[PDB]
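Just the one chain here, the form deposited in one PDB entry, laid out as structure tokens.
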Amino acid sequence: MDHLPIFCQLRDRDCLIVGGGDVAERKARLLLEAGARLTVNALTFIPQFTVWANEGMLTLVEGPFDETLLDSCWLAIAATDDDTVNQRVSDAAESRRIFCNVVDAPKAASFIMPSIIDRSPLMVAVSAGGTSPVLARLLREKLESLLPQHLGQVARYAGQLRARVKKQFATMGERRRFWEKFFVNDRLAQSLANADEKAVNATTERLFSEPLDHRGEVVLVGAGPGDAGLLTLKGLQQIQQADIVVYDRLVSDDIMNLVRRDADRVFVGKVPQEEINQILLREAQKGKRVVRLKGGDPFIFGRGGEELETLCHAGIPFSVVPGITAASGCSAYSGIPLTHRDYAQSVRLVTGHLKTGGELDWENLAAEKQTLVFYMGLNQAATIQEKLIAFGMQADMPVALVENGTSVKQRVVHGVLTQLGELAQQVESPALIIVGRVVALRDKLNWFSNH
């Protein structure tokens, strides 16, 4: 984070503006609306300032900068056209540990003032750190269109109900569930906007009267292969409302940042699968809303079935949000479609890491007109090469390995089947092996990166 956004309570707190022109006037108006106890220190003032001072709304100090005016201050704003003066102000503020904005130099000093979308008491602040005023304006335009004008009345009414919600629901889990219903009842929002107090009260009474599900919940969510843009809308929804998220190392850091910030997080793996099952079950038996966040898709070599197979008998509600499997993401981001024209009748998603005595069906895998995708197969790439050749696959069949597919770190190496063992030495886990004529299309379809 370049900056930390905070929302300050300035009511009755001393603040100082140095400067007295149009810039100072805009900042002073903002600080006055926030209730600051404002002093303005400038050599000259535009007329808006003199009337403010006579009607008692702020104090004017007409003259050069007096750094002792910072002594009682919580915030300072340097708003002159003299960079020498502005720097004296910022230096004096920094020595007193007073957050200071230099209006014409956002990279100097110690805070910047964001653009504000006002749905009071709801506020949304936007800034690009001065690097890009256009982008901030384009975002502000877009945010103003997304936020209904009546949102403020919903937030206002919620604040008025917080005491009643605290009294009537004994646990935070119940309170949270009430609010999640409250904030999406469109009728309630309309009635507030119409000041229809009878209608507001009717829907409110009913919301308070509803029995709340105290049962837990286990949702398996497919994180996808790494690019946080490949999480589904519903997957984002589920992790944003989870009490606890049980996640593995194949879930990318970018995706974990999208988890509800107050959710508890439990890491598994690098842990035996039976202990994962117990965690999910036990945490849901406590009434908690559990998300098992899994790399790729939960039902393709993810053991997702094992994690749910006890829950029905145990009376635990569950659901599954599918994800982009490694095969799909790596295909798209390497320029290798899994199917194309008559290249492949079928796609085979194969595990390269099989049970101790198990052996893959090589005669079956080596058949023509298919795209083979090996998961967890790096260690066996030499055997895969030898077996596919022995069961009739052409030696010049193209192969590709995709390492960290869809991430900014993705790497792709490629060649023909007789190089598979050598090529696999050039990558590490997590990596996918693609075998089939579609690999040759990468020269025409690669769009994501050359690395």
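Residues that one form lacks are left out of the comparison. Residue positions are given as counts along the sequence shown, with the first one as 1. Basically, rigid core = biggest C-alpha set you can superpose within 1.5 Å across the two forms.
What number of residues from the deposited sequence go unmodelled in the gap from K270 to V271, classed as none, 1 to 3, 4 to 9, or 10 or more?
-> Gap size class: 4 to 9 residues without coordinates, per the record.
Entry-level comparison of average CA B-factors, 395 to 403 and 40 to 48, reporting the higher stretch | Looking at the record's C-alpha B-factors, the answer is 40 to 48.
Averaging C-alpha B-factors over each stretch, which comes out higher, 185 to 193 or 309 to 317?
-> Result of the comparison: 309 to 317.
For the C-alpha B-factor as written in the entry, point me to the maximum among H214, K166, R88, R176.
-> Highest CA B-factor of the listed options: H214.
Deposited CA B-factor, highest of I279, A109, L293, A381 = Going by the entry's C-alpha B-factors, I279 comes out highest.
Among modelled residues of the same chain, the CA temperature factor third for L441 | Highest third - that is where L441 ends up once the chain's C-alpha B-factors are sorted.
Where the record places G377 (Cα B-factor, split into thirds across the chain) | As the PDB entry reports it, the C-alpha B-factor of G377 lands in the middle third of its chain.
Taking the entry's C-alpha B-factors for this chain, is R303 in the lowest, middle or highest third?
-> Middle third, going by the recorded CA B-factors of the chain.
Against its chain's modelled residues, does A24's Cα B factor rank lowest, middle or highest third?
-> For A24, whose C-alpha B-factor we compare with every modelled residue in the chain, the answer is the middle third.
If you rank the chain by CA B-factor, which third does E210 end up in: lowest, middle or highest?
-> Tercile = middle for this residue's CA B-factor.
The next section is about a form of this same protein that is not shown, the form deposited in another entry.
In a superposition on the rigid core, which residue from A128, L378, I244, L250 has a CA displacement reaching 2 Å or more between the shown form and the other one?
-> So the only displaced C-alpha belongs to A128.
Taking the rigid core as the superposition reference, indicate whether the CA of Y343 shifts 2 angstroms or more between the shown form and the other one.
-> No, because once the rigid core is superposed, the C-alpha of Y343 moves less than 2 Å between the shown form and the other one.
If we fit on the core, is the Cα of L293 displaced 2 Å or more between the shown form and the other one?
-> No, its C-alpha moves less than 2 Å.
Does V18 count as moved between the shown form and the other one, where moved means a C-alpha shift of 2 angstroms or more after fitting the rigid core?
-> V18: C-alpha displaced by 2 Å or more between the shown form and the other one.
By 3 Å or more, the Cα spacing of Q240 and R215 differs in the other entry; is it closer or farther than in this view?
-> Here the pair is farther apart than in the other entry; there, closer.
Your call: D254 and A125 CA atoms, closer or farther in the other entry versus the shown structure, by 3 Å or more?
-> Farther apart, which means the C-alphas of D254 and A125 are at least 3 Å more distant in the other entry.
After the core superposition, state the residue ranges of at least 3 consecutive residues in which each CA shifts by 2 Å or more between the shown form and the other one.
-> After core superposition, the one displaced run is 1 to 215.
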